[PDB]
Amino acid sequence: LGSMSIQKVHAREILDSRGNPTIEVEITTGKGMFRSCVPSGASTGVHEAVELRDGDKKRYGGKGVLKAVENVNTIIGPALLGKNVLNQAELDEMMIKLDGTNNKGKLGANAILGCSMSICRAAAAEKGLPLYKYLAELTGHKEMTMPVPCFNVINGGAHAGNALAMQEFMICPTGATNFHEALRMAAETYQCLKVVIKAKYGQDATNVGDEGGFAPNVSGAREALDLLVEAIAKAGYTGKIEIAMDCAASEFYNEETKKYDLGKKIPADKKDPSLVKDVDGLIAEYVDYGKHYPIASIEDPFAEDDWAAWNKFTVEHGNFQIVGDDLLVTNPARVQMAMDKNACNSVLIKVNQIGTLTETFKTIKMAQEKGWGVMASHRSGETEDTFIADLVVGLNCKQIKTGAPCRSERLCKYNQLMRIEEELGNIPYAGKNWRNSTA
């Protein structure tokens, strides 16, 4: 019983970037108090660990987290008092067993994750290390790299009234030489995009979505991609910025007919029937985009359980980074399935989707051992917490998507990444290297 021992655990309800309640957890040791805030997704894969919400329709539209907070204060916290914060896997497993359900739906994945993260922060202080460095040592990473940031810039799918099927288009400065330059390139390109959008779609078209990007009324993906090429060109960075696409294809998939409708939002009398695609037709569409635009990466190109489609795309078009999101939900068992089936070559990491840091590390290890890409990710409902910045560096993931360069729940991560780079001095930048290893 010493400085490393938990003396106090306390949670409270705060508001996330969308203005909905979420939880923050504070853990106190001899090194001080350590705070973590938990994010939350606007739309969530059917397989995620589950956040506990109050369901009281008279309070915050039923989205309160008083129950999760009490769970921390009167259940998890009491069980953590006196324990050693250095024992990350032991404490995470203890909370998993308290809950007793595979989806963490009893105590709430949000309650558990908040404790998991603050335990980790307290431990880094105990070792006298910055968080990213503690994360590296905890996970056996002898090398660290600044990740390529991918910035949401144009929205579609369920997030916009435009005709655009895909959920988002991102810009990724793979050609930058360091992180502060990468951020500057994206910020400049984002401002050029804002100008182009204002001129073409009007002032109000530059108001922003949840993640800081724009939702102009484009006719489809080609018009959206043209806008990105135009902005990158105005910024002067052609050939140094690439494009990532998140299709979120489950959103426009018809399980019964096996069809993907790229015109779901288009009025019948204006709807090209060619927009309703079978897998081969959807594949050809993606390949066409790839031929005409610098698209490096495609996330959720097919529905969350269309394994055959994922496999075909992966072995027949492996030149793309192919990212499982809704497919994998940061869940090691899903990752194992995807590896056996050879269904993708990259995984998105959303910590709150699995609910503990220990399980997150395992997901990342599996991916890195296979040489898959690993992209740390924000949620639509973010907070002023910067944890994932340290996580992406410490675990050497090499990619992060955490928002447009707009809205501070996004900038706070990018600012932290710049600090980490400044502090390290001679840390390399990932550039066009996305595939991971366990080194």
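Numbers follow the displayed sequence, beginning with 1.
> 87-95 versus 220-228: which one carries the higher mean Cα B factor per the record?
According to the entry, 87-95 carries the higher average C-alpha B-factor.
> For the higher mean C-alpha B factor in the entry, choose 274-282 or 167-175.
Stretch with the higher mean C-alpha B-factor: 274-282.
> Using the entry's values, work out which of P301, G100, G290, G355 has the largest Cα B factor.
Comparing C-alpha B-factors across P301, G100, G290, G355, the maximum falls on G100.
> If you compare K234, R121, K312, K104, which has the highest Cα B-factor in the entry?
By C-alpha B-factor in the record, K104 ranks first.
> Can you work out whether the C-alpha temperature factor of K63 puts it in the lowest, middle or highest third of the chain?
Its C-alpha B-factor belongs to the middle third of this chain's values.
> Would you please rank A160 by its C-alpha temperature factor against the other modelled residues of its chain and give the third it falls in: lowest, middle or highest?
CA B-factor rank for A160: highest third.
> Taking the values exactly as deposited, rank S36 by C-alpha B-factor within its chain and report the matching third: lowest, middle or highest.
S36: CA B-factor falls in the middle third of its chain.
> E369's Cα B-factor: lowest, middle or highest third of the chain?
Its C-alpha B-factor, which the entry lists for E369, ranks in the highest third among residues of this chain.
> Based on the entry's values, in what third of the chain does the Cα temperature factor of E188 lie: lowest, middle or highest?
Answer is lowest: the recorded C-alpha B-factor places it there.
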